[PDB]
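Okay, so here's just one chain, in structure tokens, the form deposited in one PDB entry.
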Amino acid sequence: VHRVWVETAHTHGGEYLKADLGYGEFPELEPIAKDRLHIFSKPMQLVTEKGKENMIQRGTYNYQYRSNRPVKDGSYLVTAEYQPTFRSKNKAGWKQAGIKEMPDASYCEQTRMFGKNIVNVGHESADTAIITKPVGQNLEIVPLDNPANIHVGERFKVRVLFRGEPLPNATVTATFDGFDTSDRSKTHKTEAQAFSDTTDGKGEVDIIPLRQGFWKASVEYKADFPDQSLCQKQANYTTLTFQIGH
């Protein structure tokens, strides 16, 4: 189960912003395999007051990105995208539903994944103007506060948007680097979460972090594909990564 998230290195004002595209099992960064290169055909983006700009893929490993120019103190976003892929799917094999799960009617599903990291450049940067503005991801987590203001046990409010509109009753989970240290023996399981709740009618939910560290919130949403003459289903997987304390 490979998912997309974004990591940013600790950055000061006046130096280049280094960021990492995570594709795999959080929190372990892995080189993008040959057969997956085509999925990440557009670079990660840096979102500042000037808007969105492409980052440059450079560094030792192919998941490393650098800002075009040095960045000044502020609170910015780094966004990544798994470009849409189509796959054939079929339903079968559940505990006590029934063997004949509509006996093999195959269907198309489009997979999209999105990542977004909140990066605070400068020790005292806690701005909200940039990071609280949606960037247009099909499924999006939008922070409503800067996580630099959130201490352990306090509420960090976020909003889930699907196709530009608030998504009620969506499940948002969250975990941190270090919570789950079991190995690759899962091989079918995502990591354990240290938080879970559902969004309210405004698409909003308060994440309550119980430990400091590097956190990842996750929401996924499966829906009908918009144009049914081309494909039937759409699966969206989105994360928001951020620091609490530390």
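Counting begins at 1, following the sequence as shown. Rigid core: the largest C-alpha set superposing within 1.5 Å between the two forms.
Absent from the display: the form deposited in another entry. The rest refers to it.
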If you fit the rigid core and then compare C-alpha positions between the shown form and the other one, only one of 190, 199, 57, 45 moves by 2 Å or more. Name it.
190
So the C-alpha spacing of residue 42 and residue 190 changes by 3 Å or more in the other form; is that change toward closer or farther than shown?
farther
I want to verify one pair: residue 190 and residue 177. Are their C-alpha atoms nearer or more distant in the other form compared with the form I supplied, knowing the change is 3 Å or more?
closer
